[PDB]
Every structure is written in structure tokens, then in C-alpha cells.
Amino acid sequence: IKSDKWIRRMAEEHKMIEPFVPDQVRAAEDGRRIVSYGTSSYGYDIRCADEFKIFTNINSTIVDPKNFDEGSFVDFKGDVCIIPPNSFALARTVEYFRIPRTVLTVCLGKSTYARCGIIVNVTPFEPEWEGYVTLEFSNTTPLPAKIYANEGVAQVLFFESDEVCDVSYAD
């Protein structure tokens, strides 16, 4: 696993993460407490942006992962997304990533969300992939649940291999 020193180096020298903060940010401009984001000891706490897609089952009968349909989501833009009970929403990160050929990442939800039964599911970032990261949130509780935009939601952990891969994501 790569360290906070390494993450900093990669952000500043190779634009791995943009926008990037070198430390933990634990409060907003006003001093209001937020779910923290930024560089961590052995990872990076990513933020949720304010554009959400809330799943709706209205007028549908089946979830078909091979036929992803924007029609089964309600667009919501705002500071706090409300996920219906026992259902899910999608969002994207504030951060844009550019992953080196030598790196794979995994991403795990923060305790703030997990402890309330909100499970963030993010798939590994592949070497030479670039993009905003798609976040999914399963609300596994029987009440509506809040997700706070512009604040931390998950921690990305960065692994390097002993061998460069033959075929990267770009190849």
C-alpha cells in the first residue's frame, strides 16, 4: 500500500487527483463540521459532488444491468440527497482521477455512512483509467437517508504491483 507522502507526490507531479488537498479537511469555510476529506495516512478521502441519480421503480418491473436506463433514475442536484428506504442512488466524485499504469485502487465507505447502514459501493480504479468516479450508495435501512454533497464519502487505497502490467485499461 502507498503512503500519504506518495499520494501527494503523484497528485502534484502527475495530476493523479484533481482537485487535490494535501491534508484532512474537517470543516467548511464557515467552521461547520463536515464529513472529512483529503489525504489520509495511507489513502485519499474522496468527496461526493452535488449531482445525484435516485433510483425509481415507477413504471418498471425489472433491473437489467445490461440495459442501464437513465429513465429509471430521478436527477437531483442539491446539497443533501435523500435516498429512499431500502433503495439506492448514484453520484460522481468531485475529484477527477488519472491512474498510473502501475496502480490499482480499491475504495471503501467511511465510518460515518457505514455505521448508519449506508453502504458505498465503488469498483476498483484500473491502471490508465481516467475519469470522475461513479459512487453508488445502498440505503440498507428502512428510512429515507441523507448523503451530504461536497463532503467526504469514501477512502481510496492505492496499490502498486512488483510488475508493470502487460495490458492496461488504455490498451
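Residue indices: 1-based, along the sequence shown.
Hey, which bit's got the bigger mean C-alpha B factor in the entry, 79-87 or 93-101? Result of the comparison: 93-101.
Would you mind comparing 23-31 and 131-139 for me and telling me which has the higher average C-alpha temperature factor in the entry? Between 131-139 and 23-31, it is 23-31 that shows the higher mean C-alpha B-factor.
When the modelled residues of the chain are sorted by Cα temperature factor, does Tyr42 land in the lowest, middle or highest third? Its C-alpha B-factor, which the entry lists for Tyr42, ranks in the highest third among residues of this chain.
Against its chain's modelled residues, does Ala154's Cα B factor rank lowest, middle or highest third? Bottom third by C-alpha B-factor.
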